[PDB]
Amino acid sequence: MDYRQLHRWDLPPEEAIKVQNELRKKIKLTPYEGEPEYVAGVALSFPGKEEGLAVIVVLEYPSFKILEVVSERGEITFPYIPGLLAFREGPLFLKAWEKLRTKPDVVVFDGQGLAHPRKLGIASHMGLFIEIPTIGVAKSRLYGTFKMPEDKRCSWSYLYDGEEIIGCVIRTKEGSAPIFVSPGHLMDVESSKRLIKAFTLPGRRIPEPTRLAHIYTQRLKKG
């Protein structure tokens, strides 16, 4: 699948942060009105300290059937630094993206989108490159303040940056910690919550797209 190479990936931490502060201006927090048909999930595993494996899974909604799966193993040199996940995993994901045949209506990533220090988490960043609605679903908080939602089944609260709502915290499963949902590109807080709620089945904490992707990332890491 095609995408737009907006800049170089091999950059020192300081120049990468500048690239984020510039790219954040291109983000469009538009509503996603309607029922998607093709939903993609993306996950990464690391077979070695410098070898990652990116997996992209495309599911049919609302049946949740698997329509396509592609992957790419490659050298990963950029160190993990909070706030710069895109410069570590972005390149390999795009490499897998190049192989994808189905054009997703929305892509869900592991990690933040809008709920990022410079308003541009991996989900937002990748959204600008692929020019398709994106959502960031994180298992932990990177930025923003919030009031822990109660332990219900769909109980939730907004994630804030002072006064601005940058996403939401959702208790997708009772007995499990909530997940952090923020819009990426061509998406908004309200739509991301609706969609993620719709992508997560009862008994599950993680939405099917990224949940299935993570499984394949682990399976392929062996056989």
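One-based numbering along the sequence shown.
Would you tell me which stretch averages the higher CA B-factor in the PDB entry, 1-9 or 214-222?
If you average the C-alpha B-factors of 1-9 and of 214-222, the larger mean comes out for 214-222.
Stretch exceeding the other in mean C-alpha B-factor - 153-161, 181-189
Taking the mean B-factor of the alpha carbons in each, 153-161 is higher.
Would you mind checking which of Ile132, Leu92, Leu114, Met148 has the top Cα temperature factor in the PDB entry?
Highest C-alpha B-factor among the listed options: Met148.
Based on what the PDB entry reports, which of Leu67, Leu53, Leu195, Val42 has the top C-alpha B-factor?
The record points to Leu67.
State the tercile, meaning the lowest, middle or highest third, of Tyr38 with respect to the CA B-factors recorded for its chain.
Tercile = middle for this residue's CA B-factor.
Place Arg88 in the lowest, middle or highest third of its chain's C-alpha B-factors, as listed in the PDB entry.
Answer is lowest: the recorded C-alpha B-factor places it there.
Mind checking which third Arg118 falls in for C-alpha B-factor across the chain?
Its C-alpha B-factor, which the entry lists for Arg118, ranks in the middle third among residues of this chain.
Taking the chain's C-alpha temperature factors as the reference, tell me which third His125 falls into: lowest, middle or highest.
Within its chain, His125 is a lowest-third residue by C-alpha B-factor, going by the deposited values.
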